[PDB]
Amino acid sequence: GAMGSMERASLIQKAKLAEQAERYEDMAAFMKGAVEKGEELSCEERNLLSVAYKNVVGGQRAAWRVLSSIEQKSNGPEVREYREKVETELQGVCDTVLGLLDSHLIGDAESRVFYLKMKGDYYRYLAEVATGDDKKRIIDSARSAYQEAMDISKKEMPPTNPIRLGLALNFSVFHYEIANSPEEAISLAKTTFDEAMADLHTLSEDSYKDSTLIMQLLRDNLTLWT
Amino acid sequence: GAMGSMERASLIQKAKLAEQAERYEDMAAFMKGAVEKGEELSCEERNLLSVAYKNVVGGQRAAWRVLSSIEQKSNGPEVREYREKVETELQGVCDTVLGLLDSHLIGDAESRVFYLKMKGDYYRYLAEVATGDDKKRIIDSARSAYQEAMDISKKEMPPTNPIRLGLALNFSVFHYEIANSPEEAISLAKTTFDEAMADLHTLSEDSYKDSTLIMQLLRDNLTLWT
Amino acid sequence: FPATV
Amino acid sequence: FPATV
Ligand SMILES: O=C(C1=C(O)C(=O)N(c2ccc(O)c(C(=O)O)c2)[C@@H]1c1ccc2c(c1)COC2=O)c1ccccc1
Ligand SMILES: O=C(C1=C(O)C(=O)N(c2ccc(O)c(C(=O)O)c2)[C@@H]1c1ccc2c(c1)COC2=O)c1ccccc1
Ligand SMILES: [Mg+2]
Ligand SMILES: [Mg+2]
């Protein structure tokens, strides 16, 4: 690999340099190389990886949607062709991550939930663009990954925990926008927000700001769905 | 080339698809291929090319500056190394354009000024990161390109013309930020704005909005310099 | 669109 | 920074 000659620590530095320059492709590449040094990632390190690849796929998803709606309205092959080009590119980045999870990353409870949530998210991103035989294989996967992460979080983390909270938010969105199950989607989100405020005394100084936000986002989604 | 199998017109379409998806690298690639079909570009087509590559180099210049100021403050080699990596990448895009100008693009007066202004701009972008023997070769080039474009515009376009106006704005900035000549930089900008309002009756319906803006930008720069 | 993190 | 177009 191209990062194979660099020190893990110099790769972490440059990932952080890239985030400052908002060069998230570089950022993701640096973090892929650090992961491939074979060592566990720290909490700070997990989130350098996630933020880098999320910003990458996020721009691709946004471009895909712009083109896809053009392609819908339009129904020349140039729109299909460009849509398919951005699509194939997006699929590759998800594979790169799902491969990085299924080979080095997938320990402690927060660590295991973190990576299983990533697995469910990037399977979900592929679901957004899939169709046919190959497609539904993808939906079940996003769901197993999420479920397993739900199981762990429910037993091992308090209901105010940011990872538990953010995972559930995304699992709700998965139900709504990916499984045509507004029922489950809304149930999870309401239960999640409710249970968290029921045990509101469990917020910690280190993450309370994050938990408050994910709770606000859970109610933002709920307002939007009803 | 990778765009060599596609029709010029399908390349123009996709350039426009890319601009909508804000995929400016793709946009630039599509327009590089269209240029390489060997035909003159229309006014609309020139500006698809310029906007695409400008957005490309603009993100690189911004990342370079973030890192360069970190590198200044910091005076480990990782900051230098990442700065040099973004630098080399930026230099390549300018070469690709300067090559595209010096091989297919560099007709009618607005067309000739347009491309000579691009030549001066991208020589200027390389000047921003150059040093030493190789460096000053670059400054003189940006200046010849600009001067020639000034000569043409002054004789062949009215002083309200957007191309004449925007070129002069950039030539002013070149004097200020690249030749340590605030005198010339301010003179040009004031003269340019003045002469344009002296003959304000020459605005045309097709471009008056653009001319007003470049005049407002000329006075924005002047406010900033005094 | 719904919020994810 | 100064404006260019
Ligand atoms: O950027 C954010 C944060 C930091 O980078 C960070 O370190 N967090 C954090 C706090 C506690 C933790 O235990 C861990 C961990 O075990 O890895 C990470 C925030 C955060 C990051 C990712 C996710 C979530 C929270 C929930 O699900 C997620 O995927 C952020 C904060 C609020 C909402 C969205 C994003
Ligand atoms: O996007 C802009 C415009 C359009 O895309 C466009 O077609 N223009 C235009 C109007 C009259 C023309 O004759 C031509 C032409 O011969 O090619 C182009 C604007 C424009 C584009 C590039 C430059 C300038 C003006 C001045 O210098 C430039 O480089 C823009 C407008 C105001 C300020 C900055 C940008
Ligand atoms: Mg973060
Ligand atoms: Mg334009």
# chains A, B, ... in the order shown; residues from 1 in each chain; ligands from 1
call {"tool": "residues_around", "arguments": {"residues": "region 59-74 of chain B", "least_positions_apart": "5", "cutoff": "8 Å", "atoms": "only C-alpha atoms", "output": "list in words"}}
result
residues 17, 20, 21, 22 and 23 of chain A; 79, 80, 82, 83, 86, 87, 89, 90 and 125 of chain B
call {"tool": "residues_near_ligand", "arguments": {"ligand": "ligand 1", "cutoff": "7 Å", "atoms": "only C-alpha atoms and all ligand atoms", "output": "ChimeraX atom specification"}}
result
/A:43-44,46-47,110-111,114,162-167,207,210-211,213-214 /C:5
call {"tool": "write_last_selection", "arguments": {"atoms": "N, CA and C atoms", "output": "PDB file, in the first residue's frame"}}
result
ATOM      1  N   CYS A  43     -10.234   5.634  20.865  1.00  0.00           N
ATOM      2  CA  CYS A  43     -11.508   6.307  20.639  1.00  0.00           C
ATOM      3  C   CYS A  43     -11.323   7.523  19.740  1.00  0.00           C
ATOM      4  N   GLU A  44     -10.326   8.360  20.041  1.00  0.00           N
ATOM      5  CA  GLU A  44     -10.034   9.487  19.162  1.00  0.00           C
ATOM      6  C   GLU A  44      -9.750   9.011  17.743  1.00  0.00           C
ATOM      7  N   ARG A  46     -10.786   6.113  16.192  1.00  0.00           N
ATOM      8  CA  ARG A  46     -11.988   5.633  15.520  1.00  0.00           C
ATOM      9  C   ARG A  46     -12.700   6.773  14.808  1.00  0.00           C
ATOM     10  N   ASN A  47     -12.772   7.928  15.462  1.00  0.00           N
ATOM     11  CA  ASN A  47     -13.603   9.030  15.013  1.00  0.00           C
ATOM     12  C   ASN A  47     -12.915   9.883  13.964  1.00  0.00           C
ATOM     13  N   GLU A 110     -17.980  -0.217  23.914  1.00  0.00           N
ATOM     14  CA  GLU A 110     -18.170   0.924  23.044  1.00  0.00           C
ATOM     15  C   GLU A 110     -17.450   0.698  21.730  1.00  0.00           C
ATOM     16  N   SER A 111     -16.282   0.065  21.790  1.00  0.00           N
ATOM     17  CA  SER A 111     -15.535  -0.223  20.578  1.00  0.00           C
ATOM     18  C   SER A 111     -16.286  -1.169  19.654  1.00  0.00           C
ATOM     19  N   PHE A 114     -19.360   0.628  18.119  1.00  0.00           N
ATOM     20  CA  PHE A 114     -18.923   1.618  17.144  1.00  0.00           C
ATOM     21  C   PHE A 114     -18.785   1.006  15.758  1.00  0.00           C
ATOM     22  N   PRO A 162     -23.663   8.393  24.153  1.00  0.00           N
ATOM     23  CA  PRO A 162     -23.766   8.912  22.777  1.00  0.00           C
ATOM     24  C   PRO A 162     -23.756   7.827  21.715  1.00  0.00           C
ATOM     25  N   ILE A 163     -22.889   6.821  21.845  1.00  0.00           N
ATOM     26  CA  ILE A 163     -22.843   5.757  20.845  1.00  0.00           C
ATOM     27  C   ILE A 163     -24.172   5.014  20.798  1.00  0.00           C
ATOM     28  N   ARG A 164     -24.684   4.601  21.962  1.00  0.00           N
ATOM     29  CA  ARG A 164     -25.997   3.964  21.995  1.00  0.00           C
ATOM     30  C   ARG A 164     -27.052   4.863  21.370  1.00  0.00           C
ATOM     31  N   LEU A 165     -27.000   6.159  21.681  1.00  0.00           N
ATOM     32  CA  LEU A 165     -28.016   7.082  21.189  1.00  0.00           C
ATOM     33  C   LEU A 165     -27.913   7.259  19.681  1.00  0.00           C
ATOM     34  N   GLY A 166     -26.718   7.587  19.187  1.00  0.00           N
ATOM     35  CA  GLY A 166     -26.564   7.849  17.765  1.00  0.00           C
ATOM     36  C   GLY A 166     -26.846   6.626  16.917  1.00  0.00           C
ATOM     37  N   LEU A 167     -26.431   5.454  17.395  1.00  0.00           N
ATOM     38  CA  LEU A 167     -26.754   4.216  16.695  1.00  0.00           C
ATOM     39  C   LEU A 167     -28.259   4.066  16.534  1.00  0.00           C
ATOM     40  N   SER A 207     -19.241  13.452  27.928  1.00  0.00           N
ATOM     41  CA  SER A 207     -20.023  13.301  26.711  1.00  0.00           C
ATOM     42  C   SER A 207     -21.425  13.886  26.786  1.00  0.00           C
ATOM     43  N   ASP A 210     -22.698  15.797  23.809  1.00  0.00           N
ATOM     44  CA  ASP A 210     -23.023  14.970  22.653  1.00  0.00           C
ATOM     45  C   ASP A 210     -24.372  14.287  22.827  1.00  0.00           C
ATOM     46  N   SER A 211     -24.640  13.753  24.021  1.00  0.00           N
ATOM     47  CA  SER A 211     -25.901  13.059  24.250  1.00  0.00           C
ATOM     48  C   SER A 211     -27.088  14.002  24.099  1.00  0.00           C
ATOM     49  N   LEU A 213     -27.340  16.479  22.206  1.00  0.00           N
ATOM     50  CA  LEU A 213     -27.536  16.762  20.788  1.00  0.00           C
ATOM     51  C   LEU A 213     -28.248  15.609  20.089  1.00  0.00           C
ATOM     52  N   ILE A 214     -27.805  14.373  20.329  1.00  0.00           N
ATOM     53  CA  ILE A 214     -28.439  13.235  19.673  1.00  0.00           C
ATOM     54  C   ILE A 214     -29.881  13.087  20.140  1.00  0.00           C
TER      55      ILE A 214
ATOM     56  N   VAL C   5     -26.047  10.218  12.283  1.00  0.00           N
ATOM     57  CA  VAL C   5     -24.735  10.686  12.734  1.00  0.00           C
ATOM     58  C   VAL C   5     -23.688   9.610  12.485  1.00  0.00           C
TER      59      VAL C   5
END
call {"tool": "residues_near_ligand", "arguments": {"ligand": "ligand 4", "cutoff": "8 Å", "atoms": "only C-alpha atoms and all ligand atoms", "output": "mmCIF file with C-alpha atoms, in the first residue's frame"}}
result
data_model
loop_
_atom_site.group_PDB
_atom_site.id
_atom_site.type_symbol
_atom_site.label_atom_id
_atom_site.label_comp_id
_atom_site.auth_asym_id
_atom_site.auth_seq_id
_atom_site.Cartn_x
_atom_site.Cartn_y
_atom_site.Cartn_z
ATOM 1 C CA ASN B 47 -16.869 29.525 -18.717
ATOM 2 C CA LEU B 48 -17.749 25.911 -18.012
ATOM 3 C CA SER B 50 -12.898 28.189 -16.208
ATOM 4 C CA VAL B 51 -15.413 27.578 -13.410
#
call {"tool": "interface_residues", "arguments": {"of": "chain B", "to": "chain D", "cutoff": "7 Å", "atoms": "only C-alpha atoms", "output": "PyMOL selection string"}}
result
chain B and resi 166+169-170+173+217+221
call {"tool": "closest_residue", "arguments": {"among": "B:148, B:95, B:140, B:7", "to": "chain A", "atoms": "only C-alpha atoms"}}
result
B:7
call {"tool": "atom_distance", "arguments": {"atom1": "CA of residue 57 (chain B)", "atom2": "CA of residue 99 (chain B)"}}
result
15.1 Å
call {"tool": "select_by_dssp", "arguments": {"residues": "region 26-81 of chain B", "states": "alpha helix (DSSP H)", "output": "PyMOL selection string"}}
result
chain B and resi 26-35+43-73+78-81
call {"tool": "atom_distance", "arguments": {"atom1": "atom 25 (C, counted along the ligand's line) of ligand 2", "atom2": "CA of residue 137 (chain B)"}}
result
28.3 Å
call {"tool": "atom_distance", "arguments": {"atom1": "CA of residue 195 (chain B)", "atom2": "CA of residue 107 (chain B)"}}
result
26.1 Å
call {"tool": "closest_residue", "arguments": {"among": "B:226, B:13, B:160, B:91", "to": "ligand 2", "atoms": "only C-alpha atoms and all ligand atoms"}}
result
B:160
call {"tool": "decode", "arguments": {"residues": "region 130-148 of chain B", "atoms": "N, CA and C atoms", "output": "compact mmCIF listing (two decimals), in the first residue's frame"}}
result
# COMPACT_ATOMS: atom_id res chain seq x y z
N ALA B 130 5.80 29.11 -5.39
CA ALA B 130 7.13 28.90 -5.93
C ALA B 130 8.19 29.60 -5.08
N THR B 131 9.44 29.15 -5.24
CA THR B 131 10.57 29.76 -4.57
C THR B 131 11.84 29.50 -5.39
N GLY B 132 12.69 30.51 -5.47
CA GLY B 132 14.05 30.33 -5.94
C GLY B 132 14.28 30.64 -7.41
N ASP B 133 15.31 29.99 -7.96
CA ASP B 133 15.60 30.14 -9.38
C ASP B 133 14.35 29.93 -10.22
N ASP B 134 13.77 28.74 -10.14
CA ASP B 134 12.55 28.44 -10.89
C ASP B 134 11.46 29.47 -10.66
N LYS B 135 11.43 30.09 -9.48
CA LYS B 135 10.29 30.92 -9.12
C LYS B 135 10.13 32.10 -10.08
N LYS B 136 11.12 33.00 -10.10
CA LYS B 136 10.93 34.29 -10.77
C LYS B 136 10.68 34.14 -12.26
N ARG B 137 11.12 33.04 -12.88
CA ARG B 137 10.66 32.73 -14.23
C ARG B 137 9.14 32.76 -14.30
N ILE B 138 8.47 32.38 -13.21
CA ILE B 138 7.01 32.27 -13.21
C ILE B 138 6.36 33.65 -13.11
N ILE B 139 6.96 34.56 -12.35
CA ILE B 139 6.34 35.87 -12.15
C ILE B 139 6.30 36.63 -13.47
N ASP B 140 7.41 36.66 -14.20
CA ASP B 140 7.45 37.38 -15.46
C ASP B 140 6.40 36.86 -16.42
N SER B 141 6.13 35.55 -16.39
CA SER B 141 5.16 34.98 -17.31
C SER B 141 3.76 35.48 -17.01
N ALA B 142 3.33 35.37 -15.75
CA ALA B 142 2.03 35.89 -15.36
C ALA B 142 1.88 37.33 -15.82
N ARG B 143 2.97 38.08 -15.80
CA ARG B 143 2.91 39.50 -16.13
C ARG B 143 2.79 39.74 -17.63
N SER B 144 3.56 39.03 -18.45
CA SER B 144 3.37 39.13 -19.89
C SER B 144 1.95 38.74 -20.29
N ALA B 145 1.48 37.58 -19.84
CA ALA B 145 0.12 37.18 -20.15
C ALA B 145 -0.88 38.27 -19.81
N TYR B 146 -0.78 38.84 -18.62
CA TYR B 146 -1.71 39.88 -18.23
C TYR B 146 -1.56 41.10 -19.13
N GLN B 147 -0.32 41.57 -19.31
CA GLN B 147 -0.09 42.79 -20.09
C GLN B 147 -0.71 42.67 -21.47
N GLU B 148 -0.40 41.58 -22.18
CA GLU B 148 -0.97 41.37 -23.51
C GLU B 148 -2.49 41.45 -23.46
